[PDB]
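Below: one structure, written as structure tokens.
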Amino acid sequence: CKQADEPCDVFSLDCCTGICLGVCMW
């Protein structure tokens with residue numbers, strides 16, 4: 001996944017707790 005403030009794809013996996021609207025917003 002990605003730690004808060006990490007860039008990722010907002011479609012499947014990104015932040016270990018939610019989504020990716022630019023970067024983990026949590």
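All residue names refer to the structure tokens as shown: chains lettered A, B, ... in order, residues numbered from 1 in each chain, ligands numbered from 1 in order.
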message: If we count only C-alpha atoms and set the cut-off at 10 Å, which residues sit around residue A:26, ignoring sequence neighbours fewer than 2 positions away in its own chain? Please answer as a list in words.
response: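 So the residues in contact are residues 3, 4, 5, 15, 16, 17, 18, 19, 20, 23 and 24 of chain A.
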Output file for the residues above (C-alpha atoms, as a PDB file, in the first residue's frame):
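The resulting file, again19.pdb, is shown below:
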ATOM      1  CA  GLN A   3       1.842   5.658   3.721  1.00  0.00           C
ATOM      2  CA  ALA A   4      -0.127   8.878   4.102  1.00  0.00           C
ATOM      3  CA  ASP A   5       1.171  11.491   1.597  1.00  0.00           C
ATOM      4  CA  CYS A  15      -2.855   3.820   0.803  1.00  0.00           C
ATOM      5  CA  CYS A  16      -2.956   1.056   3.414  1.00  0.00           C
ATOM      6  CA  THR A  17      -6.190   2.635   4.755  1.00  0.00           C
ATOM      7  CA  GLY A  18      -8.248   4.132   1.887  1.00  0.00           C
ATOM      8  CA  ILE A  19      -7.772   5.501  -1.663  1.00  0.00           C
ATOM      9  CA  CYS A  20      -5.458   7.838  -3.629  1.00  0.00           C
ATOM     10  CA  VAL A  23      -1.851  10.737  -2.323  1.00  0.00           C
ATOM     11  CA  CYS A  24      -3.143   8.742   0.664  1.00  0.00           C
TER      12      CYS A  24
END
Long-range neighbours of residue A:9 as a compact mmCIF listing (two decimals) with N, CA and C atoms, in the first residue's frame, 9 Å cut-off, only C-alpha atoms, 2 positions minimum in chain:
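Output file part-v1.txt follows:
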# COMPACT_ATOMS: atom_id res chain seq x y z
N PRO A 7 2.14 8.91 -3.22
CA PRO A 7 1.48 8.90 -4.55
C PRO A 7 1.08 7.49 -4.95
N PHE A 11 -7.42 3.60 -8.17
CA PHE A 11 -8.33 2.65 -8.86
C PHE A 11 -8.39 1.32 -8.11
N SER A 12 -7.29 0.88 -7.56
CA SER A 12 -7.29 -0.42 -6.83
C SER A 12 -6.53 -0.30 -5.52
N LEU A 13 -5.24 -0.25 -5.58
CA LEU A 13 -4.44 -0.15 -4.33
C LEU A 13 -3.70 1.19 -4.25
N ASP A 14 -3.52 1.69 -3.06
CA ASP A 14 -2.77 2.97 -2.90
C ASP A 14 -2.34 3.11 -1.45
N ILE A 19 -7.90 5.35 -0.18
CA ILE A 19 -7.77 5.50 -1.66
C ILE A 19 -6.54 6.33 -2.05
N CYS A 20 -6.61 7.01 -3.17
CA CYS A 20 -5.46 7.84 -3.63
C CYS A 20 -5.92 9.07 -4.41
N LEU A 21 -6.41 10.07 -3.75
CA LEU A 21 -6.83 11.30 -4.47
C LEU A 21 -5.60 12.20 -4.56
N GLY A 22 -4.61 11.74 -5.26
CA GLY A 22 -3.33 12.49 -5.37
C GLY A 22 -2.33 11.74 -4.49
N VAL A 23 -2.71 11.50 -3.27
CA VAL A 23 -1.85 10.74 -2.32
C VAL A 23 -2.73 10.24 -1.17
